[PDB]
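Below you'll find only one chain, the form solved without the ligand, shown as structure tokens.
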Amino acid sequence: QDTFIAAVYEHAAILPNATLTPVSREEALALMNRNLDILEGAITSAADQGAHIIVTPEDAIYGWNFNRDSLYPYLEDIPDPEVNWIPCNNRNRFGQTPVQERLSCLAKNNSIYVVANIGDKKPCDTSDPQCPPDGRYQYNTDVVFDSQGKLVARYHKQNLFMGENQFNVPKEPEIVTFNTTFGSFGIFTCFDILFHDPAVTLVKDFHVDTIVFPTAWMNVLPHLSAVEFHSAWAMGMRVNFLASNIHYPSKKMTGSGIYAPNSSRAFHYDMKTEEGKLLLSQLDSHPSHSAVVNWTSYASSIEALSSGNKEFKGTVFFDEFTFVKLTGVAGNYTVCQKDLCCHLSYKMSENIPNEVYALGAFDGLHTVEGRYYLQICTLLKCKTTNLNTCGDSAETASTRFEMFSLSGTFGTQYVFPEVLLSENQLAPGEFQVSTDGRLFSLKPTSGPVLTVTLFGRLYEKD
């Protein structure tokens, strides 16, 4: 089969109450089942529209407020899928596994692949020298059930966010795929998307067609809003990408979508309501990709578009960029930091007097809430008129662009092209990436621009 219908669900989770000691197994199961009641509504609705697969979010059934002990009662022992097991048809093969059982039956009864995120426990003895003092491993765990209810994938999250003290890191990164009649699938979770293992390996070495991606992502503008970065990673890696996110505006969680190599196909962003949201779209089972992009090609072939720049320092997500202000309604600028030079040609649709845009370059190691090496060229709207706010989180803008073209001398082939419009809207079909590494407009932007950015990772320098 050449196409399929993908579904993702953004979930307004029912969170356990704050308490002082762990709840009982029974209480934990009752809460998880309240969340599974809502997810069932989304799963059935998707199947009722012909979806072949649905993704649900990270932490969707029990939330994220835990220590090791308060989490324990929510956990089950999830077997390796090689055991060949359909929980719905063979309950009790592995003791008490009611969550796995209900997920299996949801997939089977609605004849749909179901991707979900739950918690694994693996009891161990002191005979095992890595066994934690308290007698078990606890893992953040994606599970996939096929349309017969069979367990076909289990993935323990490799790259834990700071504050995920309730979980362990696996001994070695787990490279997890599953094959279907509508393509080869890979899987990883939230923060994993910023790292090499397993995310990059799945694409490079295992040639997956599609990624399924449960997440509970906290939006950080200008470069790491969920719909923005997730759609860019898909475009840069040339895969289909099903992003299912938590809905919790209180912690800046919102941003789900279905992304293809050429463009976003559907997205949802909502900071105002507490509603969940189901998105569907057709995708190609084996997406065609253009020619491989050389990200330094055009940029290394030209001379600086400007010189005698008035340059200044600005902070973007704790990293010190080198910026130059855009003075004209139209222009051509070049700005550099260390090994990276960034080039921008642009024309605004009109100059908004009290609105300032800057071009920035960064080439260095990020360290706050994670350690990773970045190379970034960014056009962005500065939060205020003051240049000290270029790089700050900016939600809205009024300046539309008639044209833009951005490029840089990247020392990596892993670069993710981002375009975000005012109110955190994507710009599907409005831009393109050339083989020589230019990100450029195909027409005037449909709304005002917050950023156009080339976000690059040098995994070897982490």
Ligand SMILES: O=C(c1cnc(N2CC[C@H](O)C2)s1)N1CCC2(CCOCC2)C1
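We number the residues from 1 along the sequence you see.
A.B. asks: So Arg93 is built in this one, but is it left out in a third or more of the other compared PDB entries that include its neighbours?
C.D. replies: yes, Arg93 frequently unmodelled elsewhere, at least a third of entries.
A.B. asks: So which stretch wins on mean C-alpha B-factor, 136-144 or 279-287?
C.D. replies: Between 279-287 and 136-144, it is 279-287 that shows the higher mean C-alpha B-factor.
A.B. asks: What stretch has the higher average Cα B-factor here, 104-112 or 334-342?
C.D. replies: The entry gives the higher C-alpha B-factor average to 334-342.
A.B. asks: From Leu242, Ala266, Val293, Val152, can you pick the one with the highest C-alpha B factor in the entry?
C.D. replies: That would be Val293.
A.B. asks: Based on the PDB record, which member of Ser231, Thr189, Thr327, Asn168 exhibits the highest Cα temperature factor?
C.D. replies: When the deposited C-alpha B-factors of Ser231, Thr189, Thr327, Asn168 are compared, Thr327 is largest.
A.B. asks: Ranked by Cα temperature factor within the chain, is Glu320 in the lowest third, the middle third or the highest third?
C.D. replies: Middle third.
A.B. asks: Of the three thirds of its chain by CA temperature factor, lowest, middle or highest, which one includes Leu20?
C.D. replies: As the PDB entry reports it, the C-alpha B-factor of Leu20 lands in the highest third of its chain.
A.B. asks: Rank-wise, by C-alpha B-factor, drop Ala397 into the lowest, middle or highest third of its chain.
C.D. replies: As the PDB entry reports it, the C-alpha B-factor of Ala397 lands in the middle third of its chain.
A.B. asks: Should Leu442 be placed in the lowest, middle or highest third of its chain by the C-alpha B factor in the entry?
C.D. replies: Its C-alpha B-factor belongs to the highest third of this chain's values.
A.B. asks: C-alpha B factor of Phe161, ranked within the chain: lowest, middle or highest third?
C.D. replies: Tercile = highest for this residue's CA B-factor.
The same protein has a further form, the form solved in complex with the ligand, not shown here; the description that follows concerns it.
A.B. asks: Please pick, from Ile211, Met253, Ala361, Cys382, the one residue with any non-hydrogen atom lying within 4.5 angstroms of the ligand in the deposited bound form.
C.D. replies: Only one listed residue qualifies here, and that residue is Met253.
A.B. asks: Which pick from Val169, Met218, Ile86, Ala266 sits with a heavy atom within 4.5 Å of the ligand in the deposited bound form?
C.D. replies: Exactly one listed residue reaches within 4.5 Å, namely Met218.
A.B. asks: For the chain shown here without its partner, which stretch in 353-361, 189-197, 254-262, 143-151 has non-hydrogen atoms within 4.5 angstroms of the ligand in the deposited bound form?
C.D. replies: Comparing against the ligand in the deposited bound form, the contact stretch is 189-197.
A.B. asks: Does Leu365 make contact with the ligand in the deposited bound form, using a 4.5 Å heavy atom cut-off?
C.D. replies: No - in the deposited bound form, heavy atoms of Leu365 and the ligand never come within 4.5 Å of each other.
A.B. asks: Report yes if any heavy atom of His156 sits within 4.5 Å of a heavy atom of the ligand in the deposited bound form; otherwise report no.
C.D. replies: Output for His156 is no: heavy atoms all beyond 4.5 Å of the ligand.
A.B. asks: Using a 4.5 angstroms cut-off on non-hydrogen atoms, would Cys336 count as touching the ligand in the deposited bound form?
C.D. replies: Contact check for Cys336: no, nothing within 4.5 Å of the ligand in the deposited bound form.
A.B. asks: Would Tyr414 sit within 4.5 Å of the ligand in the deposited bound form, counting heavy atoms only?
C.D. replies: No, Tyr414 sits far enough from the ligand in the deposited bound form that none of its heavy atoms falls within 4.5 Å.
A.B. asks: Between the ligand and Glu228, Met271 and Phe431, in the deposited bound form, does every residue show a non-hydrogen atom at 4.5 Å or closer?
C.D. replies: Result no, not one residue of the spot touches the ligand.
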